[PDB]
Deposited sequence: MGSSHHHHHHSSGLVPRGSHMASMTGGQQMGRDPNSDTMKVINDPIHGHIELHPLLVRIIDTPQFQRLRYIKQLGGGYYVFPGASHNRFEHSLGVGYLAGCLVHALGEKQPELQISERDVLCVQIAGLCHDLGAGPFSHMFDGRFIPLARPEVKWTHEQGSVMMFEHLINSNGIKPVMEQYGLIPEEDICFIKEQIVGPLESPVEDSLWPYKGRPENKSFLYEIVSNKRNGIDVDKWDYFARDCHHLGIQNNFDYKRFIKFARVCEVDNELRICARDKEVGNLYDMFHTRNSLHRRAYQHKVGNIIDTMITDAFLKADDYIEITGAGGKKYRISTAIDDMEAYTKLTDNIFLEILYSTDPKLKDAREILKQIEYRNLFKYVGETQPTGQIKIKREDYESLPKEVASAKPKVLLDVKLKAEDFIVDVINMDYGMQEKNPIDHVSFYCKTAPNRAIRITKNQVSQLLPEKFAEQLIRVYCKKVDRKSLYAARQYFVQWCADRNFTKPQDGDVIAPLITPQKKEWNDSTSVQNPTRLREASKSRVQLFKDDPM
């Protein structure tokens, strides 16, 4: 069979090898048509209707581009078409574990529904990949195209999830180390996955992207670093790399962590939690699963998509009333009310196990103001957001290797002070958003008082609108004035 050409609004005309086509045309891959890339973000940015499917095509394409470029500039690397196909397949299949509304599912729902389990999106992708391969007879097509299914399937999985557990990989040896930096870069976070979603999300959101992946590809080489051949960027391109991470941060501030988008993800998750006992998804054998248990059976998970939303919204069963009602309130735009935003000060970090107690803290605050209404713990929502450069408190550029034009095969390192003094001094912070479920004027007022008092007691930052929303609280706070 022959190659297919496909037209993508981001990358243009992409060539798809017949093996890739065989992989794409399976229920396991096509399911990605029914999962929105940005989930609840679509309910704030109406252009964001794009799905995981097209993004996956993009990542496969981009993975291919990088490996190809590397190969043509450096034939001594012995990059084979087999290598190219494996990196392409890895890029294509990286997101196969996506659940309903993408990262709402693994980031919000599963942690609340199944706290005992260790679930990652990537593990999901490996399992779903295995299921695709075994359910569609892919191994003989792989062999037909020069792949060796054992090592190569191992390699693809390793590209997606990391080492399956000092060279920890089995799919490829150290002299092909660079191949593991293409799809998901565990070392510094610089990969083609990011490059695709920056561009694609920007295209759909109506926000413009300022990162040029093509330039990066032009300037990329492979050099020896610690007895492995790794990808190195050109030294003077370091500025661009800092900008890339800045871009990432910007996209999170403007879109991915938009206050309303997040509150909508929250409400939908609440609906799924109230629906979990009663929704049935039929997997292997005819066995029944729940939304929270579909992850245990790939045939059921294959059928778990954004559809569940609509299944709940359109239901007539009384047992789903509660869930249904919540979704209906989303349609009427009767959302939880944003009360405010604050940050911790000094060294103070908030841990996830402390998240659960935060609404209790806010309601327990004691403002010295006349309050019509007393508010409870369940009236508040506290969303904690980690904003960083992808490596917690670390500078990812400290984990990038560079080359100089005068000696292109010699890897070097570049420190932050060698670049600019206008760069961040810290690379991680927390944003605390507080919302109130009671929508009346007085409850909202009260909630503002509770919130600002709470910020004052914990020495958090002064809310930007503090002097307007709670003028009796902010002045009696040494700093904030």
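Several segments of the deposited sequence are absent from the coordinates, namely 1 to 36, 202 to 207, 524 to 550.
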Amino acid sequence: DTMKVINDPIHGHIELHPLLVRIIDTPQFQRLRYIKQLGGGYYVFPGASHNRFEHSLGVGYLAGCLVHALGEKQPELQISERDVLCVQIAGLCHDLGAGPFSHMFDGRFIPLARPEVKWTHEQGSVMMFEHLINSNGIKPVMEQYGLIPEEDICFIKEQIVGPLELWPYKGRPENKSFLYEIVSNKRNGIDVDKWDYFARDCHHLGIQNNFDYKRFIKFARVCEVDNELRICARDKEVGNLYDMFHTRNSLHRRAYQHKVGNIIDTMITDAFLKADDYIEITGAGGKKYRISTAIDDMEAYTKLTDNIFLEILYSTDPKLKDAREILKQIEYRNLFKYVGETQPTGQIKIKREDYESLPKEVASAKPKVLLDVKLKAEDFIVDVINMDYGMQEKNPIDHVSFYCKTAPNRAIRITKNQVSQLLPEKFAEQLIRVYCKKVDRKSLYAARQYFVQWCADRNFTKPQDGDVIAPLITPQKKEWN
From here on, numbers count along this sequence of modelled residues.
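Looking at mean Cα B-factors across 464 to 472 and 16 to 24, the upper value is held by 464 to 472. Averaged over CA atoms, B-factors in the entry run higher in 273 to 281 than in the other of 194 to 202 and 273 to 281. Each of 390, 99, 367, 261 has a CA temperature factor in the record; the biggest one is found at 367. Each of 319, 94, 254, 234 has a CA temperature factor in the record; the biggest one is found at 319. Among all modelled residues in its chain, residue 160 ranks in the lowest third by Cα B-factor. Among the modelled residues of its chain, residue 52 has a C-alpha B-factor that falls in the lowest third according to the deposited record. Placement of the Cα temperature factor of residue 418 within the chain: middle third of the modelled residues, per the deposited record. Residue 288: CA B factor in the highest third of modelled residues in this chain (values from the PDB entry).
Among the modelled residues of its chain, residue 427 has a C-alpha B-factor that falls in the middle third, as given in the PDB entry.
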